[PDB]
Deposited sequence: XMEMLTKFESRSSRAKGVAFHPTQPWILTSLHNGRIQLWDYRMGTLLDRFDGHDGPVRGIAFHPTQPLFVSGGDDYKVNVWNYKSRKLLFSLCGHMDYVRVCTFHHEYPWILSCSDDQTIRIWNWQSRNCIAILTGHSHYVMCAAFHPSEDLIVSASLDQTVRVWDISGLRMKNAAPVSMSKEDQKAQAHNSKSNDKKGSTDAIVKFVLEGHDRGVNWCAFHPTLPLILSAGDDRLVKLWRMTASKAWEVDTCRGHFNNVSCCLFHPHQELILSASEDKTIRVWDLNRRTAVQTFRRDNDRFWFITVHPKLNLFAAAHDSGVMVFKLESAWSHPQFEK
């Protein structure tokens, strides 16, 4: 496959990137504490948001509301309105770095996870923490809401991937969270976990340099296969929403594309000098973004020799 670069931002180290679901924007959250809002069609910096001290790893738009959420090494989960360009409030409660923060697609919830070994669920309408998910015994590096079921997946340096049943919390308001699966397969800490948008699949990746693929039903899960080949920590991994492809990004300075059905290597992209910290895909368009030591890139994936 070939990478068609649409936009590149040169900066100090970038940690997170989020696509707006309908506008041609990305948010980038930087190691230096600042958040940039870029139009990647025009190549223009639309706005800058400074509300954190130290690196900002979590960053996400709300799917429909004019809001985004950011999560920092200062332990704060910040909620912003990008049309008024205001910091609306901070959600405080975590006692160590916030690694990820996202919005739920239907309920008025924000999910965050932290080096304090907890996942928190907050109601952004009430500004209250509505659930603290405990049980991991080391940093929680990633957490994600399932797109259709009342489930959360989380990944921790305790070498486990957890699937949590939050139907109890759903019923009480749009036993609250029960651990459903404790997935055991990784031999070292796990840095990332991801759901597939329409298939019952999970991806996990971590310091063992492995990307593991899992499948599940309501009643059970199974390890399907492993993508092997990265030669340093894997920072991030994701499913291509519309093609039978897996993507991963690593401190070995590569982004790797893998066959979903065979888990064989399809294509590797390298940078001579830059470790990769994060990758994301647009929910609808053939559009990817990657954060690395020198900034952010937005690219299209094409089959080799197709243009």
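K.L.:
Missing C-alpha stretches, by deposited numbering?
P.N.:
Residues missing from the model, as numbered along the full deposited sequence, span 1, 176 to 200, 334 to 338.
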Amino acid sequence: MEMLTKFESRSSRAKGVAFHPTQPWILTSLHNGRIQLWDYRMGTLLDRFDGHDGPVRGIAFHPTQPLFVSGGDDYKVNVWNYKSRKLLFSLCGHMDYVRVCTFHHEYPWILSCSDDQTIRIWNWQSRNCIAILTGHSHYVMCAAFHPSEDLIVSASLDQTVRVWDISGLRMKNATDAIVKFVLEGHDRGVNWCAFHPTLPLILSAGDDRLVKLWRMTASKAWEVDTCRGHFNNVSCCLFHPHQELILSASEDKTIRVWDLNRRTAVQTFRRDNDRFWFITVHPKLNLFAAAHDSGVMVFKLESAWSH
From here on, numbers count along this sequence of modelled residues.
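K.L.:
Looking at the entry, does 165 to 173 or 116 to 124 show the higher mean C-alpha B-factor?
P.N.:
Higher mean C-alpha B-factor in the PDB entry: 165 to 173.
K.L.:
Take the C-alpha B-factors listed in the entry for 152 to 160 and for 76 to 84, compute each mean, and give the stretch with the larger one.
P.N.:
According to the PDB entry, the answer is 76 to 84.
K.L.:
Check the PDB entry and point out which of 71, 229, 200, 135 has the largest C-alpha temperature factor.
P.N.:
Across 71, 229, 200, 135, the entry lists the biggest C-alpha B-factor for 135.
K.L.:
Based on what the PDB entry reports, which of 111, 142, 218, 182 has the top C-alpha B-factor?
P.N.:
Checking the PDB record, the top C-alpha B-factor among 111, 142, 218, 182 is at 218.
K.L.:
Taking the entry's C-alpha B-factors for this chain, is residue 62 in the lowest, middle or highest third?
P.N.:
For residue 62, the deposited C-alpha B-factor lands in the middle third.
K.L.:
Using the B-factors in the PDB entry, rank residue 214's C-alpha atom against the chain and give the third, lowest, middle or highest.
P.N.:
CA B-factor rank for residue 214: lowest third.
K.L.:
Based on the entry's values, in what third of the chain does the Cα temperature factor of residue 30 lie: lowest, middle or highest?
P.N.:
Within its chain, residue 30 is a middle-third residue by C-alpha B-factor, going by the deposited values.
K.L.:
Please place residue 49 in the lowest, middle or highest third of its chain by C-alpha B factor as given in the entry.
P.N.:
Answer is highest: the recorded C-alpha B-factor places it there.
K.L.:
Could you tell me which third, lowest, middle or highest, the C-alpha B-factor of residue 272 occupies within its chain?
P.N.:
It falls in the top third of the chain.
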